[PDB]
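Student: sequence and experimental coordinates follow.
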Amino acid sequence: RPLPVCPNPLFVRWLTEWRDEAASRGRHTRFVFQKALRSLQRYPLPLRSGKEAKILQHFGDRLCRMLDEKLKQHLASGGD
């Protein structure tokens, strides 16, 4: 929604779109994107870095790494 109520990370939409694609494609990573996304929705801190996602074991180091790499790519490319 266009309502900026609750600072939801750029990580939120990524975990949402990857899990959504994973539900349509049959990707097994759908489950790891879920437990990460649910953790973020119950966590009142806007994760700006994968360093901040690292403390959350629900994500895991692989998940935290992907998010931080994507955060880098997006700012560099404008979109994605």
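Tutor: Noted; the coordinates are in hand. Numbering: from 1, shown residues only.
Student: tell me which element the most centrally placed residue in the chain falls in.
Tutor: With distances taken as CA atoms, centre = their mean, residue 11 lies nearest the centre of the chain, 3.1 Å away. Here residue 11, judged by DSSP states H and E, is contained in helix 10-25.
Student: next: residue 48.
Tutor: Counting by DSSP H and E, residue 48 is found in no helix or strand.
Student: please name the nearest non-neighbouring residue to it.
Tutor: In space, and not counting its chain neighbours, residue 48 is closest to residue 9: 6.8 Å by CB to CB, 6 or more residues apart in numbering. C-betas here are computed from N, CA, C, even on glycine.
Student: just to revisit the earlier point, only C-alpha atoms, please: export the helix holding residue 11 in PDB.
Tutor: Taking C-alpha atoms only, helix 10-25 is exported to PDB below (Å, rounded to 0.1, in the frame of the first residue of the first chain):
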ATOM      1  CA  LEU A  10      13.300  -2.800   0.700                       C
ATOM      2  CA  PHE A  11      14.000  -6.400   2.000                       C
ATOM      3  CA  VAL A  12      10.300  -6.800   2.800                       C
ATOM      4  CA  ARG A  13       9.100  -6.400  -0.900                       C
ATOM      5  CA  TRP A  14      12.100  -8.700  -2.000                       C
ATOM      6  CA  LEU A  15      11.100 -11.500   0.500                       C
ATOM      7  CA  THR A  16       7.500 -11.100  -0.600                       C
ATOM      8  CA  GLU A  17       8.200 -11.100  -4.400                       C
ATOM      9  CA  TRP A  18      10.700 -14.000  -4.200                       C
ATOM     10  CA  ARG A  19       8.300 -16.200  -2.100                       C
ATOM     11  CA  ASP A  20       5.400 -15.200  -4.500                       C
ATOM     12  CA  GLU A  21       7.500 -16.300  -7.500                       C
ATOM     13  CA  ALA A  22       8.600 -19.400  -5.500                       C
ATOM     14  CA  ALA A  23       4.900 -20.300  -4.900                       C
ATOM     15  CA  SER A  24       4.200 -20.100  -8.700                       C
ATOM     16  CA  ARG A  25       7.600 -21.700  -9.800                       C
END
